[PDB]
Amino acid sequence: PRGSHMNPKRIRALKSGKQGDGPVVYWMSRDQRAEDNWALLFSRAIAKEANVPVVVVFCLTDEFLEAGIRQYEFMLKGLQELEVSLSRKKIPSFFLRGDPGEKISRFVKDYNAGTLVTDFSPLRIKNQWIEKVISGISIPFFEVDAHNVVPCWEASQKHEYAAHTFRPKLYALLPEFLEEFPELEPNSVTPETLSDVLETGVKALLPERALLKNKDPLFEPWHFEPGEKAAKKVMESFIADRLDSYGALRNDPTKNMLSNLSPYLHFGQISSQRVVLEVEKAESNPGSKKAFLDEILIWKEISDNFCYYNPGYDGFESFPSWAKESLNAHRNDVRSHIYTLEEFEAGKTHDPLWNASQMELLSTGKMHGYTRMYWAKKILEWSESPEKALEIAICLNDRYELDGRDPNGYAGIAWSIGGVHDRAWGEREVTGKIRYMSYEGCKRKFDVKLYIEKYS
DNA sequence: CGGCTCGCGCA
DNA sequence: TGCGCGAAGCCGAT
Ligand SMILES: Cc1cc2nc3c(=O)[nH]c(=O)nc-3n(C[C@H](O)[C@H](O)[C@H](O)COP(=O)(O)OP(=O)(O)OC[C@H]3O[C@@H](n4cnc5c(N)ncnc54)[C@H](O)[C@@H]3O)c2cc1C
């Protein structure tokens with residue numbers, strides 16, 4: 001659909017029909033940003049060709065009840081800034097509350113939308129919402145992959161077994177899709193309160209808050225300032241003083257040598273393509289640059305591939321055949337310890353290293369990348385069954401992680417528990433051939449004592 | 001057949 | 001600390 005700096009492969013038609021005479025409505029669900037948003041840019045270009053204004057519609061679902069205050073405030077303060085940024089470009093934004101399958105279809109009919117465009121997410125509930133929109137509307141419906149550098153349906157057409165099978169495919173398409181973003185043009189044609197939605201939601205999630213013994217909240221909200229502007233500064237700081245040492249100290253939780261970009265990446269407050277463009281041009285350690293690029297390009301986008309082609313990405317059935325057979329044979333093995341969800345949640349296990357990992361998650365909302373493996377694998381070792389451990393790991397991940405409820409989370413848990421995108425290892429009791437980590441193994445890599453004392 | 005994102009002995 | 005082997009199933013280039 002026209003455009004000189006737009007690859008047509010980033011868009012795909014979900015519904016074909018007669019284009020209406022009204023404004024083009026952009027349904028924002030995953031990429032909550034104004035700059036470096038392909039879905040917003042593609043919606044603006046279609047509006048420009050048809051001589052119509054562009055409007056942004058967001059649907060606030062009841063999903064925040066399952067999560068906590070920390071993610072709700074992080075998102076809401078992000079959208080409040082996004083409202084002002086879109087207003088500076090004369091692009092009105094509408095915030096709806098209710099079922100997306102019913103309210104979004106009603107908005108298109110009420111506002112007489114000419115064309116509807118939305119971002120891409122391989123999550124199950126997004127596809128269900130999309131199908132309900134299809135049956136209700138008659139305007140054309142398009143979908144744009146504004147999250148991945150290479151669109152998920154173009155990088156691969158099947159479930160990839162491992163990265164070494166996905167890395168050559170992904171890197172082969174970099175010269176085509178790795179390009180600079182064009183500036184978003186303001187609207188020429190001019191035509192609920194976010195504060196009220198925030199105050200009402202907070203009161204509902206107040207009883208479910210995480211508290212200490214003295215009825216004091218555990219979450220520390222000053223570690224990550226939400227929004228698009230703050231996400232840019234985090235990326236700038238990481239490239240400047242942190243990217244050089246990333247290759248060596250990325251596995252040391254005692255050092256703050258990570259990019260800390262996951263909370264902004266999950267909510268789409270910064271584009272991974274923009275980060276890739278800046279990292280590529282930056283002159284840093286070649287080993288560190290390669291290590292970081294493998295995480296933000298191969299592993300981040302292969303998680304989207306895993307969820308898009310495996311609808312049961314959060315289930316035991318998504319595990320490979322070798323993993324299921326090994327875990328099934330060890331179902332009746334006696335576990336060293338058995339802990340419930342509440343015991344895991346409160347960090348009341350015999351392992352000080354595991355408790356410190358959970359305490360960091362409870363306080364900061366973002367556990368270090370290395371300890372998250374030990375966090376998830378010990379859940380498998382000290383649970384009733386691999387189904388319960390998968391249930392517990394997912395429940396704690398999506399509740400307390402700022403970057404939770406993300407395809408990286410489900411694929412990351414499947415790696416640690418089900419060996420997805422991994423290989424078999426030495427046979428062991430209970431865990432079987434799933435990759436094994438030990439407290440002693442962490443002692444030979446980093447100062448475990450410093451990590452434990454930092455989080456009680 | 002080669003090579004994949006742990007533990008462990010060893011400088 | 002960094003290095004090399006060990007224990008293990010399978011994809012994919014042929
Ligand atoms: C059991 C488990 C659960 C996880 N839960 C989540 C989750 O809910 N949400 C989430 O976003 N990530 C999750 N991850 C992935 C990983 O822990 C985080 O992406 C990362 O630790 C966030 O810190 P960072 O961005 O500073 O790391 P960095 O090293 O700076 O990572 C840079 C970026 O690369 C991507 N990335 C890095 N490591 C991975 C990985 N292993 N898999 C996929 N993408 C990766 C992310 O987009 C991240 O923002 C989980 C991992 C495991 C093992």
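Note: hydrogens, waters and symmetry copies are ignored here, and every other heavy atom, side chains too, is used. Quick note on labels: first sequence line is chain A, next is B, and so on, each numbered from 1.
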A:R435 atom CZ is separated from C:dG6 atom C1', nearest whole Å, by 14 Å

Check this one for me: any side-chain N or O of A:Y370 less than 4.0 Å away from OP1 or OP2 of B:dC6?
yes

Salt bridge or not between A:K132 and A:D99? Use side-chain N to carboxylate O under 4.0 Å.
no

Rounded distance in Å between the P positions of B:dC1 and C:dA8:
23 Å

Rounded P spacing from B:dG7 to C:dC10 in Å:
23 Å

Rounded to whole angstrom, note down the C1' distance from C:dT14 over to B:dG3.
16 Å

Length of the CD1-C1' vector between A:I302 and B:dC4, whole Å
12 Å

Kindly check the sign of the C1'-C2'-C3'-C4' torsion at C:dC11 and name the resulting pucker, north or south.
south

Are any of the side-chain nitrogens in A:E295 or A:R250 under 4.0 Å away from the carboxylate oxygens of its partner?
yes

Under 4.0 Å from OP1 or OP2 of B:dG7: is there any side-chain N or O of A:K445 that close?
yes

Under 4.0 Å protein heavy-atom contacts per nucleotide of nucleotides 7-14 of chain C, with B for base, S for backbone only and - for none
BSBSSS--

Find the distance A:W415:CH2 to B:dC4:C1' and express it as a whole number of Å.
12 Å

Send over the distance from A:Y436 OH to B:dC8 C1', rounded to a whole Å.
13 Å

State whether A:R274 and A:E180 are salt-bridged, where the test is any N-O pair (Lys NZ or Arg NE/NH1/NH2 against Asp/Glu carboxylate O) under 4.0 Å.
yes

Rounded to whole angstrom, note down the P distance from B:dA11 over to C:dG6.
16 Å

Can a cation-pi geometry be assigned to A:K378 and A:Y374, taking NZ or CZ under 6.0 Å from the six-membered ring centre and within 45° of the ring axis?
yes

Whole-Å gap separating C1' (B:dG7) and CE (A:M373)
13 Å

Do A:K126 and A:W27 meet the cation-pi criteria used here (NZ or CZ under 6.0 Å from the six-membered ring centre, within 45° of the axis)?
yes

In terms of side-chain geometry, is the basic nitrogen of A:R124 or A:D314 positioned less than 4.0 Å from the acidic oxygen of its partner?
yes

Could you let me know what C:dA8 is paired to, Watson-Crick or G-U wobble, both distances under 3.5 Å, or none if it's on its own?
none

So, going by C1'-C2'-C3'-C4' where positive is north and negative is south, C:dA7 is south

Would you indicate whether the side-chain heavy atoms of A:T349 and A:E343 approach each other to under 4.5 Å?
no

